[PDB]
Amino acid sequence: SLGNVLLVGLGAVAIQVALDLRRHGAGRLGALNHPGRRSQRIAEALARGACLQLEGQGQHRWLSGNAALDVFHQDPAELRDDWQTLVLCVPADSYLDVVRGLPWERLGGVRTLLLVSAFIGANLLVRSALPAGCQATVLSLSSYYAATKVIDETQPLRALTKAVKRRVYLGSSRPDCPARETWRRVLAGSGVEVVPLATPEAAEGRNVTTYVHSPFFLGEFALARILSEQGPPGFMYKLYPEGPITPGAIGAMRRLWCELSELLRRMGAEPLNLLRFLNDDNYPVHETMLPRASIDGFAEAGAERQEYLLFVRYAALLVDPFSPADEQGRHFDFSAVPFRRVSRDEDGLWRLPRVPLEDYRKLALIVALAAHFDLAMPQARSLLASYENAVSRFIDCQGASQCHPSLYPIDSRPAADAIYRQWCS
């Protein structure tokens, strides 16, 4: 079964996962979060008797519930060998740091480790970092299965889920893995269909953010908003000049999808139909905007038609076409998600938001991995260079002394080498 489950990272994702785990049952539920203001707030909340609370928004209100946490650690030194399942709810660009940091000498009983938002190569990278002879199976979930936020960091244990995906995918380092069905059941509790796939990379190849955030949020427009201090933040899914979506961004999306598909084929994984994945698995539009024949036929449509269809898809979602119309015939403004921007941390250093720092670090690793398969990925490299140039100019202007080192050049070649060696073994 799942046995006793340790959530690693206790954020918005973990709270939703905790609700789904408690519905399913069968064991103690613990969490580990590294020291910091959030962990201090969490420990304070738990010590006064608070529980994890998940609220569903709008149509998702049926999800809402509370979940008890048996133990919370902000000090790995107190962990003992009581855990059968680890669930990594930390940012995906931290999986390597987090897996190296776990006290594996006291975790010999762990039999499964789930990566809740994997990317191509993540399963292999995590396996490369495990201690020798570790017999934990590593599971890769394609994408986090919802949209969830901690409303008010002052109540760190209360989260809001505003969207839920129709379908996600799950692969395992163990062939014909029985744990996949367990997690199918756990996530089905929140209405998500989990499709088991035959290898981790096939699931990782269905990570939605890799395909969408890379072309849209590594470009010039997004970076100009994210690195700004004054002026409006702009909107993540609007068309230029309100947001980053342009025909050029759509062309980058198509070309990157082609590059990623070839990488997947070279790792023995079947690529996805990008339009059908976006429409059917994540969020749909009406037949009059995207005919089913166009959705199903997308992969054979030819580049111009593919780009037209992708553009239509995003223009069709500037509002939510399935939301109720208001008195004046308008639908919900689905595309008005503001960009989060750079902000100063407690040491006075500029930090980047997760979008795009996490998206850059993921894509940089994928590109470094693809080089081992003799794939140059020029579109991916152009997106990396756009981010790097913009951030470099921000450092020039603000001063290196004022910038957190996460803004600085990162070397992904060592991690890519570890992944490739693990794949070849």
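When you see a residue number, it is the position in the sequence shown, counting from 1. In this text, rigid core is short for the largest set of C-alphas that superpose within 1.5 Å between two forms.
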Task: More variable segment, 56-64 or 357-365 [Cα RMS over structures in 4 other deposited structures of this protein, core-superposed] - done: 56-64
- [ ] Consider 70-78 and 348-356 separately and indicate which one has Cα atoms farther, on average, from the shown form in 4 other deposited structures of this protein after rigid core alignment.
- [x] 70-78
- [ ] Please work out which of 248-256 and 83-91 has the higher mean CA B-factor as recorded in the PDB entry.
- [x] 83-91
Open item on the list: Comparing average C-alpha B factors as deposited, tell me which of 401-409 and 7-15 sits higher.
Closed with: 401-409
TODO: Quick one: which of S261, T154, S142, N273 shows the highest Cα temperature factor in the PDB entry?
DONE: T154
Open item on the list: Maximum C-alpha temperature factor per the entry, among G302, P196, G121, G101, belongs to which one?
Closed with: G302
Open item on the list: Split into thirds by Cα B-factor across the chain's modelled residues, where does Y360 land: lowest, middle or highest?
Closed with: lowest
- [ ] Comparing against every modelled residue in the chain, figure out the third that the C-alpha B-factor of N282 lands in (lowest, middle or highest).
- [x] highest
Task: CA B-factor placement of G219, once the chain's modelled residues are sorted into thirds - done: middle
Open item on the list: Ranking every modelled residue in this chain by its Cα temperature factor as given in the entry, which third contains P338?
Closed with: middle
Task: Ranked C-alpha temperature factor of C51 among modelled chain residues, by third - done: highest
